[PDB]
Ligand SMILES: Nc1nc2c(ncn2[C@@H]2O[C@H](CO)[C@@H](O)[C@H]2O)c(=O)[nH]1
Ligand SMILES: [Zn+2]
Ligand SMILES: [Zn+2]
């Protein structure tokens, strides 16, 4: 179940990087096993540096459910959310976060050294009440191999 | 220069709460004393909780300049940017943030305790690089007054 939606997010990351919409990142917002939004990074397509997978997914889910809170929903992120996207997940009142890969896997292929203190519990001012699960096992392995596969696809 | 655009961000906050767009928060993005974007909170207008004033100004400025980085621009925020908007400011690579009122002013009237460590200098993983100026004197008084003036004329979020 967690595996299913995290896998869908990984596939979204691959789809988005293939169509040039943005980086290899995907997010899926679900409401009691019903998928509300299935998105990926749209930074290049939208010319929007805020259009990460999770922000895009939140925007879609909110417009679709006609409310600015997603407290009955859960978000699946193929990669550990950034400071911006974790702030967005907090503001959206999403009740649970499941992320597949560590930020270090994206930093390994050259992404910003940009990690959210509130997610890792290393803040003085910003804390978090949100349920956070780092995926393990098969889903985590699949999620982490995304960045090396993407770097290989564009090496030459 | 600073006071002008800070006052414009505050005016955007007032205009946004009056027309019910969202909360008393404004943002103004400038490129060498030329406004490229002037925005306020649109969370209620757009049904988008990410549509704070700063994120809205970033989206609009990036559409106006046709690029995803604003390295040659500065941003003026009526209130201290939250973690989400400060992360957005980092991703946008704005070279300078000037902000009006400390976040405690917004919290006192009913908003969440939701403060950016990397802005206040207490970040471990998120380390900013941009110049950050907190307003003093008249700009500080104006931005602080925003929250008493608009105490309950808007829908909390
Ligand atoms: N800086 C800023 N804070 C906002 C905005 N909208 C709501 N807030 C809240 O204001 C408080 C102080 O940043 C936090 O609880 C935020 O969630 C906005 O548009 N800009
Ligand atoms: Zn992000
Ligand atoms: Zn904000």
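Numbers here mean position along the shown chain, with the first residue as 1.
According to its header, the structure was obtained by X-ray crystallography, 2.6 Å.
Here the Cβ of each residue, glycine as well, is placed from N, Cα and C on the backbone.
As recorded in Swiss-Prot:
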ACT_SITE  A:54  active site, proton donor
BINDING   A:52, A:82, A:85  Zn(2+) binding site
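Here the binding-site residues are A:82, A:85, and the one whose Cβ sees the fewest other Cβ atoms within 10 Å is A:82. Non-local neighbourhood of residue A:52 (Zn(2+) binding site): A:22, A:25, A:27, A:41, A:43, A:81, A:82, A:84, A:85, each in the same chain, at least six residues away, with C-beta under 8 Å from its C-beta.
A Cβ distance below 6 Å to any atom of ligand 1 is met by none of the recorded positions A:52, A:54, A:82, A:85.
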